[PDB]
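Please read the structure below before turning to the comments.
Every chain is numbered from 1, with letters handed out A, B, ... down the list of sequences.
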Amino acid sequence: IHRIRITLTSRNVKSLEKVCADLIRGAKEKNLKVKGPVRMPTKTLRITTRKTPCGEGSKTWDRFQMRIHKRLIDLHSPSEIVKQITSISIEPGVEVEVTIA
Amino acid sequence: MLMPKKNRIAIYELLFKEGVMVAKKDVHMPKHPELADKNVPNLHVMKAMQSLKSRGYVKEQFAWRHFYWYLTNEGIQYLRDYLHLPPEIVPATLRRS
Amino acid sequence: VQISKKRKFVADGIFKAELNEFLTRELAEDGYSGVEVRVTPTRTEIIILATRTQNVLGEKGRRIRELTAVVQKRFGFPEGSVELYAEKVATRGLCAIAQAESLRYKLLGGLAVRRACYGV
Amino acid sequence: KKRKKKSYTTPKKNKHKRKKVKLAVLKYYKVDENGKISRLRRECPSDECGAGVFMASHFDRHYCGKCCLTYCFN
Amino acid sequence: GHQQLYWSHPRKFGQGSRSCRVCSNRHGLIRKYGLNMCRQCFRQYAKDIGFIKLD
Amino acid sequence: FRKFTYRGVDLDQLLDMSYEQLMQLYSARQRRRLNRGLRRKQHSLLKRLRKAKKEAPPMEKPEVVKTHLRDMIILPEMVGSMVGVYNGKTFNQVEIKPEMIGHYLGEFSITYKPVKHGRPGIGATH
RNA sequence: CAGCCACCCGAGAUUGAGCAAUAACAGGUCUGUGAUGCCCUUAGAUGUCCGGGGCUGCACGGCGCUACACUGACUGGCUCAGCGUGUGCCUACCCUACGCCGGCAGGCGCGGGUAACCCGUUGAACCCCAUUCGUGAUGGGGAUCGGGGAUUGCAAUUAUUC
RNA sequence: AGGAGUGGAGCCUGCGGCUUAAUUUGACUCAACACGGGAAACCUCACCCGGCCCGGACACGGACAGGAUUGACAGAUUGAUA
């Protein structure tokens, strides 16, 4: 079997891109094929709430946005190198799900 | 509402063997899955704890709808000497190092 | 079972808020500055950043151990799956939370407002 | 808003009165010239009922109430 | 009364089945995305949870 | 004169046949409270029905019975009993004709009415 | 000079919001708060039980509505222009495709969906506009209660019925 | 300069008038009033009303060894589980 999908996600795009470059460079340094970083659409969680803690005042709202950036990367490689690369002490703020399909 | 004694004795024993109790309890409903097997209404436990605080033997902290207790040497000694539960049971607040 | 990605992000945010508020209420006498959290597979490490380390670890490492319990029993982690450490932030005057706690402590000891503010 | 306004209603009405007693003796079957119990009465072969509880006769409603079920043969 | 009259109909779903997970307040709750806070507690903790004002 | 026909559908012809196949053709509405089953949570309505039909036959106002139930309907034998709201403030007494089967407006009893309207004049602008 | 008004190698020549100072208000919030100063005492205590019901006792000189008309019509025209939610960790209560009851509210059944993966190519106007406009009370209401039959929630009586 | 507007020719609520409360708890406006994210048939600020309660289960003035802690219920127990 040579079908492995790794899901990368984070709120911060800097860490996401750095860890994606880490994974791609780790895959390509050793003789191995790897797909490009599929870039899934960003999810914009929107919540609007009145600023005031009471009923008085002009109706001014707060629009809190929360951006979730997620990527999927394919891998045709033995599971050993995948497990070694996954345990590379990734940067904080990034959630990773390595799936062996 | 029911006022037993041995249910509170079991609650005291679990508190001594743990330090904190882990059983969500609702005054409105008699049984909750965490409350079960320790069937004493929340009101009983927190009223007894408020009486205890008015007396004073134990430490506590509060955060986001949750209690976090700390049983020190005073509470261990008090539960030891009142209920005549012998020290063959070792407290769980001094495990390891 | 497993939940959606946005819900997992919201859940970790609320967990961080819980943790920060809890350690501000509890560690209000040592002088509380902040927290860092790092994740590896089923190993979550939490670090409490404070100005006094010899005071926050406690006798024989009691408090630092006890905190684990009040994390483990609350956050719902599997047994022995939570680890937490203690390091000292390099500086103190550049953390607004730390200096706010210091001013709060000074006003808790009865030191006058203007002289405490001048000191900070 | 305004308060409950439930203090001045129900005139010339009294509460339901429940008798104050000291002992639960005559509540059971006690007609044996000594108040003792005989073995002729059967015991229910089921686990949901307490062993101590025994059948009794009341010229009204029933010796029950938590489950609100009449236990009489009828 | 304690367990005899109540609990004879489905009533586990009303507004009293919810409260703010920070202050146990039942008014102005936020159910969206499941963080389950009131308006003001969420405004207080939005920076920490991960919601930042950009719009 | 004219008797009661069930909204253009025969009623005496309906009772001509048997009774087991009328539930398969049961009318719309007023059956939900007992729709959980012809079981418990129903004995009170039939108890009051027997009460009223023993104190007052159909085509008559009943004797001190104040039921707030819609009285799930199968036949215009509902007359002879009244749906009434009891509080010490609500008291309706109307004799209603037996044309009510599963359909509109068999209830003249009302639990509200307009409150005293004051004077609408004395100026409208300043 | 700082700049302003028009344009001759030429995609781009004021997008809209966020943040938003010093000093102030006896402005609002103690009915958001484990954020808190100064308090009450004794019986259907504001927390359980209230079939019924609180503004609804109301006449388009407070948001969101009628164009006396080819700029407007019911698919002979759509390989479409287009925010963002969605299920069980406390907690049963989520989004729903597809068949049948069907010519339909609503009900049944296996199915997909933790989500660019399923709802979904989201039914966000029908531009020739295959009932089809002459002096336009009469497509610019139809000043709305009758009808296959009317709800996953005790209560639908001025109200999710459709 | 205009367009859409308005207690007029429908729909949702915030005053034109109030004593079985029926609605205005924030107003010197434009910084009260579809605002308290307040669409109350959940127990809504209970609201108005024949509402089984104790929600004293803070240790020490009287303190019993039953504070008295149900009822679908046949006009005498005159509401769908008061």
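Of the residues near RNA chain H, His28(B) and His43(F), the one whose nearest nucleotide (by heavy atom distance) lies more toward the 5' end is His28(B). If you find the closest nucleotide of RNA chain G to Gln44(E) and to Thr9(D), the one lying nearer the 5' end belongs to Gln44(E). Taking the nucleotide of RNA chain G with the nearest heavy atom to each of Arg5(A) and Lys24(B), the more 5' of the two is matched to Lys24(B).
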Any chance you could lay out the side-chain contact (heavy atoms from CB on, under 4.5 Å) test for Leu8(A) and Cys20(A), step after step, and finish with the verdict?
CA-CA 8 Å; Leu8(A) 253 176; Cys20(A) 161; 4.1 Å; yes
Where do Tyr32(C) and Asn20(C) land on the side-chain contact (heavy atoms from CB on, under 4.5 Å) test, with the steps shown first?
CA-CA 10 Å; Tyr32(C) 177 77; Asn20(C) 197 6; 2.7 Å; yes
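At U24(H), one or more side-chain N or O atoms of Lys1(D) fall inside 4.0 Å of OP1 or OP2 (strictly under the cut-off). Close to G51(H), at under 4.0 Å from its OP1 or OP2, lies a side-chain N or O of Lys6(D).
A positive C1'-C2'-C3'-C4' dihedral is found for the sugar of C30(H), placing it in the north range. Nucleotide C58(G) carries a south sugar; the sign of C1'-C2'-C3'-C4' is negative. North is the pucker class for the sugar of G12(G), given a positive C1'-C2'-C3'-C4' value. The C1'-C2'-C3'-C4' torsion of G52(G) is positive, which assigns its sugar to the north, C3'-endo side. Nucleotide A40(H) carries a north sugar pucker, as its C1'-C2'-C3'-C4' torsion angle is positive.
A salt bridge links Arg25(C) with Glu21(C): the closest approach of a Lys/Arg side-chain nitrogen to an acidic carboxylate oxygen falls below 4.0 angstrom. For the pair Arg3(A) and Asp74(A), the salt-bridge criterion is not met [side-chain N within less than 4.0 Å of a carboxylate O]. The residues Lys8(C) and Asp12(C) are annotated as salt-bridged, a charged nitrogen and a carboxylate oxygen being separated by less than 4.0 angstrom.
Nucleotides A74(H) and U44(H), compared at atom P, are 33 Å apart to the nearest Å. Here, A67(G) and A27(H) have their P atoms 43 Å apart, quoted to the whole Å. Taking atom P in both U151(G) and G139(G), the straight-line distance is 38 Å, to the nearest Å. With both ends at atom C1', the span from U121(G) to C70(G) equals 34 Å, rounded to whole Å. Taking the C1' atom of each, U66(G) and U31(G) are spaced 44 Å apart, rounded to whole Å. Distance check on atom P: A124(G) versus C74(G) gives 15 Å, rounded to whole Å. For the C1' atoms, the distance from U56(G) to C11(H) is 15 Å, rounded to whole Å. To the nearest whole angstrom, the two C1' atoms, one in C33(H) and one in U23(H), are 12 Å apart.
Classification of the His58(D)-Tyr63(D) ring pair by plane angle, with boundaries at 30° and 60°, yields parallel. The aromatic rings of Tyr78(B) and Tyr82(B) lie parallel to each other, their planes meeting at an angle below 30°, with 60° marking the opposite boundary.
Looking at heavy-atom distances under 4.0 Å, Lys53(E) makes contact with sugar-phosphate atoms alone, never a base. The residue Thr44(A) sits close only to the backbone: its heavy atoms come under 4.0 Å of sugar-phosphate atoms, none of a base. Within the nucleic acid shown, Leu29(E) comes within 4.0 Å of at least one base atom, counting heavy atoms only. Looking at heavy-atom distances under 4.0 Å, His32(B) makes contact with sugar-phosphate atoms alone, never a base. Nucleic acid contact class of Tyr104(F) (heavy atoms, under 4.0 Å, all strands): base. The residue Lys5(D) sits close only to the backbone: its heavy atoms come under 4.0 Å of sugar-phosphate atoms, none of a base.
Looking only at atom types and distance, the side chain of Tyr70(B) has a donor-acceptor partner in the side chain of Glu26(C) under 3.5 Å away. Judged purely by distance below 3.5 Å, without hydrogens or angles, the side chains of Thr49(A) and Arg39(E) never pair a donor atom with an acceptor atom. Side-chain contact, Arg70(F) with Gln30(F): no donor N or O sits under 3.5 Å from an acceptor N or O. No hydrogens or angles considered: a donor-acceptor pair under 3.5 Å links the side chains of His16(D) and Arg18(D).
At a non-hydrogen distance threshold of 4.0 Å, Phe62(B) from residues 34-66 of chain B come into contact with RNA chain G.
Annotated as anti: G32(G), whose glycosidic dihedral deviates from 0 by more than 90°. By the rule that a glycosidic angle within 90° of 0 means syn, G44(G) counts as syn. Nucleotide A125(G) carries an anti base; the chi torsion (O4'-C1'-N9-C4 or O4'-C1'-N1-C2) is more than 90° from 0. Base orientation of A74(H): syn (glycosidic angle within 90° of 0). With a glycosidic angle no further than 90° from 0, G54(G) counts as syn.
No donor-acceptor pair closer than 3.5 Å links the side chain of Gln24(F) to the backbone N or O of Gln21(F).
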Distances for protein N or O near nucleotides 80-82 of chain H N or O, under 3.5 Å:
| unit_1 | atom_1 | unit_2 | atom_2 | d |
| --- | --- | --- | --- | --- |
| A80(H) | OP1 | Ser44(F) | OG | 3.4 |
| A80(H) | OP1 | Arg48(F) | NH1 | 2.9 |
| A80(H) | OP1 | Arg48(F) | NH2 | 3.1 |
| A80(H) | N3 | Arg33(F) | NH2 | 3.2 |

Can you tabulate the close N/O pairs, meaning under 3.5 Å, that link protein atoms to atoms of nucleotides 66-68 of chain H?
| unit_1 | atom_1 | unit_2 | atom_2 | d |
| --- | --- | --- | --- | --- |
| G66(H) | OP1 | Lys22(D) | O | 2.7 |
| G66(H) | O2' | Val21(D) | O | 3.1 |
| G67(H) | OP1 | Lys20(D) | NZ | 3.3 |
| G67(H) | OP2 | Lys20(D) | NZ | 3.1 |
| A68(H) | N7 | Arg18(D) | O | 3.1 |
| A68(H) | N7 | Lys19(D) | O | 3.3 |
| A68(H) | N6 | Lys19(D) | N | 3.3 |
| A68(H) | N6 | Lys19(D) | O | 2.7 |

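Taken as a pair, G8(H) and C145(G) do not qualify under the rule of Watson-Crick (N1-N3 plus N6-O4 or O6-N4) or G-U wobble (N1-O2 and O6-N3), both under 3.5 Å. Taken together, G10(G) and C30(H) fail the test for a Watson-Crick or G-U wobble pair, since the two needed distances are not both under 3.5 Å. With both atom-pair distances required to fall under 3.5 Å, no Watson-Crick or G-U wobble pair links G61(G) to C58(H). A Watson-Crick or G-U wobble pair links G62(G) with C12(H), each of its two atom distances being under 3.5 Å. If you check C48(H) against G52(G), you find a Watson-Crick or G-U wobble pair, both contacts below 3.5 Å. With both distances required under 3.5 Å, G72(G) does not pair with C162(G) in Watson-Crick or G-U wobble fashion. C8(G) and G140(G) are not base-paired, meeting neither the Watson-Crick nor the G-U wobble geometry with both donor-acceptor distances under 3.5 Å. The base of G109(G) engages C98(G) as a Watson-Crick or G-U wobble partner, both distances under 3.5 Å.
Here side chain to side chain donor-acceptor pair (under 3.5 Å) pairs that include residues 42-58 of chain B, with residues two or more places apart or in two chains, are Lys25(B)-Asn42(B), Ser51(B)-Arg55(B).
In summary, contact between chain B and RNA chain G, defined as any nucleotide atom under 4.0 Å from a heavy atom of the protein, begins and ends at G34(G) to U91(G) in the 5' to 3' direction.
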Expected string for nucleotides 29-36 of chain H under the B/S/- scheme (protein heavy atoms, under 4.0 Å, primed atoms plus P, OP1, OP2 as sugar-phosphate) is --S-S-BS
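Not a single donor-acceptor pair, N or O on each side, falls under 3.5 Å between the base of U78(H) and the side chain of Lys51(F).
Counting non-hydrogen atoms of other residues, nucleotides and ligands closer than 6.0 Å to CZ of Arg50(F) gives a total of 12 or fewer.
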